[PDB]
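Down below is the structure, laid out as C-alpha cells.
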Amino acid sequence: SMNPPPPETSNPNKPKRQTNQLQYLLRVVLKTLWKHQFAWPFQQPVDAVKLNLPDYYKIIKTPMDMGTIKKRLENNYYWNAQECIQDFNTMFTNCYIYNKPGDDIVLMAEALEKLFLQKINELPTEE
Ligand SMILES: CN1Cc2cc(S(=O)(=O)Nc3ccccc3)ccc2NC1=O
C-alpha cells in the first residue's frame with residue numbers, strides 16, 4: 001500500500017529552456033484546463049492508496065498528471081513544447097487505459113482532452 005515516487009518536476013542534469021510555445025502552454029493551455037470543473041481529479045498524481053485503486057500502478061507504468069505538468073512548466077523543466085504535449089497525452093491515455101469507457105472519470109478526461117486539442121490547435125509558431 002505505497003504509491004510510487006511521483007514523476008520528477010526538476011532535474012539538475014536536464015537542460016532547461018523558455019520558448020514562446022512553452023509560455024503559451026502555461027498561460028493559455030494549462031490555465032484553461034486547470035480551472036475547468038473537471039480538472040480536480042487530474043490536479044495531482046493518482047493516489048492509488050487513498051483512492052483504493054490498488055492495481056493502478058501495476059497497470060500504469062508512466063503516470064502523469066496536471067500537477068506535475070504545472071510544476072514542470074513553472075520550474076522550466078522542459079526544453080520544448082512537444083515534451084509538455086506528450087505529458088498531457090500520457091495523462092489522458094493512462095485514464096483511457098485504466099478505466100472503463102463508461103466511467104465518469106473517462107468522460108471528464110475526454111472533455112478536458114477536447115479542450116486541450118482546441119487550445120493547442122492555435123499553438124503559436126516559435127520565435
Ligand atoms: C485520473 N484518475 C483518478 C481517479 C480518481 C478516482 S476517484 O475515486 O476520485 N473517483 C471519481 C472522482 C471524480 C470523478 C469520478 C470518480 C477514481 C478513479 C480515478 N481514475 C483515474 O484515472
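To be explicit about the labels: the chains of the C-alpha cells are called A, B, and onward in the order shown, and within each one the residues are counted from 1, while ligands get numbers from 1 in the order they are shown.
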
Open item on the list: Applying 12 Å and only C-alpha atoms, which residues near residue 36 (chain A) remain after dropping the ones on its own chain fewer than 2 positions away? List them as a ChimeraX atom specification.
Closed with: /A:29-34,38-43,66,108-109,111-113,115-116

Counting only C-alpha atoms and all ligand atoms, give me one row per residue of chain A with an atom at most 8 Å from an atom of ligand 1, showing the shortest contact pair and its distance in Å to one decimal, sorted by chain then residue number, as CSV.
residue,atom,partner,partner_atom_place_in_ligand_line,distance
A:38,CA,ligand 1,13 (C),7.9
A:40,CA,ligand 1,13 (C),7.8
A:41,CA,ligand 1,3 (C),5.1
A:42,CA,ligand 1,1 (C),5.5
A:45,CA,ligand 1,1 (C),7.9
A:46,CA,ligand 1,3 (C),5.5
A:47,CA,ligand 1,3 (C),7.9
A:51,CA,ligand 1,8 (O),5.0
A:52,CA,ligand 1,8 (O),7.4
A:53,CA,ligand 1,18 (C),7.1
A:65,CA,ligand 1,1 (C),7.6
A:91,CA,ligand 1,1 (C),7.7
A:94,CA,ligand 1,22 (O),6.9
A:95,CA,ligand 1,22 (O),4.3
A:96,CA,ligand 1,22 (O),7.6
A:98,CA,ligand 1,22 (O),6.3
A:99,CA,ligand 1,22 (O),6.1
A:103,CA,ligand 1,15 (C),7.2
A:104,CA,ligand 1,15 (C),4.8
A:105,CA,ligand 1,15 (C),4.4
A:106,CA,ligand 1,22 (O),7.4
A:108,CA,ligand 1,14 (C),7.3
A:109,CA,ligand 1,1 (C),7.9

Next, write the just-selected residues to a file, as a short mmCIF file (atom, residue, chain, number, x, y, z; two decimals), in the first residue's frame, keeping N, CA and C atoms as the atom set.
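Printed below is part-v5.cif as written:
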data_model
loop_
_atom_site.label_atom_id
_atom_site.label_comp_id
_atom_site.auth_asym_id
_atom_site.auth_seq_id
_atom_site.Cartn_x
_atom_site.Cartn_y
_atom_site.Cartn_z
N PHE A 38 -13.87 19.93 -14.40
CA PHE A 38 -13.46 18.53 -14.37
C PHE A 38 -11.93 18.36 -14.09
N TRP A 40 -10.17 18.64 -11.31
CA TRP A 40 -9.61 18.32 -9.99
C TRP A 40 -9.06 16.91 -9.83
N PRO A 41 -9.66 15.87 -10.44
CA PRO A 41 -9.07 14.51 -10.35
C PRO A 41 -7.69 14.37 -11.00
N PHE A 42 -7.37 15.37 -11.83
CA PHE A 42 -6.14 15.39 -12.62
C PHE A 42 -5.12 16.38 -12.13
N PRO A 45 -0.85 13.69 -8.80
CA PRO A 45 -0.71 12.25 -9.06
C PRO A 45 -1.85 11.41 -8.52
N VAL A 46 -2.20 10.36 -9.26
CA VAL A 46 -3.17 9.39 -8.76
C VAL A 46 -2.68 8.78 -7.44
N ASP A 47 -3.47 8.96 -6.37
CA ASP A 47 -3.13 8.40 -5.05
C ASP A 47 -3.88 7.09 -4.96
N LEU A 51 -7.33 6.48 -2.75
CA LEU A 51 -8.46 6.28 -3.66
C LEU A 51 -8.88 4.83 -3.76
N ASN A 52 -8.09 3.91 -3.23
CA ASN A 52 -8.39 2.47 -3.27
C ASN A 52 -8.47 1.94 -4.70
N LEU A 53 -7.39 2.18 -5.43
CA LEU A 53 -7.15 1.66 -6.76
C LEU A 53 -5.86 0.85 -6.63
N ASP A 65 0.12 13.71 -14.60
CA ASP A 65 -0.99 14.46 -14.08
C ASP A 65 -0.70 15.94 -14.27
N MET A 91 -1.13 11.54 -19.69
CA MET A 91 -2.19 11.65 -18.70
C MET A 91 -3.55 11.17 -19.23
N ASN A 94 -3.43 7.31 -20.07
CA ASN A 94 -3.49 6.49 -18.85
C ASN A 94 -4.94 6.31 -18.34
N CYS A 95 -5.72 7.38 -18.39
CA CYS A 95 -7.10 7.37 -17.88
C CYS A 95 -7.92 6.39 -18.73
N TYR A 96 -7.72 6.48 -20.04
CA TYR A 96 -8.44 5.64 -21.02
C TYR A 96 -8.08 4.17 -20.92
N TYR A 98 -6.76 2.61 -17.90
CA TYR A 98 -7.06 2.01 -16.62
C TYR A 98 -8.57 1.85 -16.40
N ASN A 99 -9.36 2.83 -16.84
CA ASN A 99 -10.78 2.93 -16.50
C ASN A 99 -11.66 2.31 -17.62
N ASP A 103 -17.10 5.14 -17.63
CA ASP A 103 -16.91 5.80 -16.32
C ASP A 103 -16.95 7.35 -16.39
N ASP A 104 -17.47 7.98 -15.33
CA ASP A 104 -17.47 9.42 -15.15
C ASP A 104 -16.04 9.94 -15.45
N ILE A 105 -15.02 9.29 -14.87
CA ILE A 105 -13.61 9.82 -14.93
C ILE A 105 -13.11 9.89 -16.39
N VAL A 106 -13.52 8.92 -17.19
CA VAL A 106 -13.23 8.93 -18.60
C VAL A 106 -13.95 10.04 -19.34
N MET A 108 -14.87 12.87 -18.13
CA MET A 108 -14.11 14.06 -17.78
C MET A 108 -12.79 14.22 -18.56
N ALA A 109 -11.99 13.15 -18.63
CA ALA A 109 -10.71 13.14 -19.38
C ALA A 109 -11.01 13.55 -20.82
#

Open item on the list: Can you tell me which residues surround residue 69 (chain A) at a distance of at most 9 Å, considering only C-alpha atoms, apart from same-chain residues fewer than 2 positions away, and format the answer as an NGL selection string?
Closed with: :A and (9 or 30 or 64-67 or 71-74 or 84 or 87-88)

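Interatomic distance, CA of residue 57 (chain A) to CA of residue 15 (chain A): 28.7 Å.
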
TODO: Pick out the closest residue to residue 122 (chain A) from this set: A:6, A:12, A:18, A:24. Count only C-alpha atoms.
DONE: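 Counting only C-alpha atoms, the residue closest to residue 122 (chain A) is A:24.
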
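Each of A:97, A:117, A:48, A:85 was compared to residue 21 (chain A) using only C-alpha atoms, and A:85 turns out to be the nearest.
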
Open item on the list: List the spatial neighbours of residue 79 (chain A) as a ChimeraX atom specification - criterion: any atom at most 9 Å away, only C-alpha atoms, same-chain residues fewer than 2 positions off excluded.
Closed with: /A:14-19,22,76-77,81-83

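Of note, CA of residue 80 (chain A) and CA of residue 63 (chain A) are spaced 19.9 Å apart.
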
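The coordinates place CA of residue 20 (chain A) at 12.4 Å from CA of residue 78 (chain A).
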
TODO: Could you tell me, as a VMD selection string, which residues of chain A DSSP assigns to alpha helix (DSSP H) when given the backbone?
DONE: chain A and resid 20 to 24 31 to 35 48 to 51 56 to 59 66 to 74 81 to 98 104 to 120
